[PDB]
Each structure stands twice: as structure tokens, then as C-alpha cells.
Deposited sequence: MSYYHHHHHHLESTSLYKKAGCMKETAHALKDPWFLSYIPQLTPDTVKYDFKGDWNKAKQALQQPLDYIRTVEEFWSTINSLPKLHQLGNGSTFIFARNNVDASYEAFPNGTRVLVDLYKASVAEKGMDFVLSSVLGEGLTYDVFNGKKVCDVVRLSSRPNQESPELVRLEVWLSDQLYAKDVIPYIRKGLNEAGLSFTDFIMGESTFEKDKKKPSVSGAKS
């Protein structure tokens, strides 16, 4: 048992699509569909959980995994000055290598000490299945930041780390969406 800097709570939202929300209503929809999965406290639980995750593409379009630091609410409302760094991974093979890199960088405080100078700017990581006509295995990763200013630093850091983990320029695309 080797404790993480902070424990992270893993939740699941099945087939969370904007069209399913259109009949439901966000908090009314989130609290009604969210399923608790695990409370990750140590490195050993981190790898057990990550290596046991069911494939996002075998679950519906919009199936989402949320990793929340200290079990905080993963709401747009809670991060007014924040942003979402996006990573879209095209194939199932690259999605695993990418997901492993990003989650290890976040829960392992790699981003904290390499980019944020010791500040805990990232409190949420979201993993979504988002297949489109063109790419049916497309998985989206979201690195939620409390401060938008850090996005310019997180994007090249994540790009380099994915490239180093063996992903090519065509295996993933970097993006950003504000709150």
C-alpha cells in the first residue's frame, strides 16, 4: 500500500449524450445516471482499476468515466476560470497507451511537479467514448484545469508524453474547451 497524494473517486455515466439530456432537462441528469465505481487511494489500486476498465467502445456512445480528486463534483460550475485540455484517440490500441499516460501523469502528480510547479491545478479527468461516422473507436480524454493559463503548458507536455509513450501524430489530436 503506497498512498497517492490525494485519493480519486471513479464514477461512470452510461451513454451520457446531449440528446439524452434533451428529455431529462445538468445536475438532475448527472445525479440520476451516475454510478459509483471505485475509490482509488494507492498506486496498487490505481493499476488494478486502470487495467480492469471495460473497453469504452464496447459501452455506448457517450459512456463516460470520471476521475475526481478528493471525490469533488465534476461540474463546469465548480471551475469558473478553468478549461478542459482534450485528447482524442482514434484506435482502441492507442487509446490504452494514451489513457495510461494521461491518468498516470495526473493521479501520479506528474503534471503537478513538471508543469504546475507543485500546484494541484487538475482535479478531474474524464474518459468518453465518442464514435463518429469517420472514426468508430474514437475515445476522448479531458484534463480539467482550475486555471485556463496552464493550458498552453499542459497541451505540449501531454503531446510530448504521448509521442514518447509511442503514439504518432495521427494517433491522437490535442484540443481545448473552456468552461
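Student: What's missing from the model if you number the deposited sequence from 1?
Tutor: Gaps in the modelled chain, taken against the deposited sequence, lie at 1-26, 52-54, 209-222.
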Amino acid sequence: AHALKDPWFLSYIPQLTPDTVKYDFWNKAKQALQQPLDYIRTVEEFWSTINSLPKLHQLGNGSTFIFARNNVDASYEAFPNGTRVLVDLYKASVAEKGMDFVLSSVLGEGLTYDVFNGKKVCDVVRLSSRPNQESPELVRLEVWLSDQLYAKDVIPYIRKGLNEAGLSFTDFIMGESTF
From here on, numbers count along this sequence of modelled residues.
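Student: Name the higher of the two by mean Cα B-factor in the PDB entry, 117-125 versus 50-58.
Tutor: It is 50-58.
Student: Comparing 157-165 with 16-24, which has the greater mean CA B-factor as deposited?
Tutor: For C-alpha atoms only, the mean B-factor is higher in 16-24.
Student: Considering only 42, 70, 135, 64, which residue's Cα atom bears the greatest B-factor as recorded?
Tutor: Result of the comparison over 42, 70, 135, 64: 135.
Student: Take the CA temperature factors straight from the PDB entry and tell me which of 141, 145, 37, 32 peaks.
Tutor: It is 32.
Student: Could you look up the Cα B-factor of residue 76 in the entry and say which third of the chain it sits in: lowest, middle or highest?
Tutor: For residue 76, whose C-alpha B-factor we compare with every modelled residue in the chain, the answer is the highest third.
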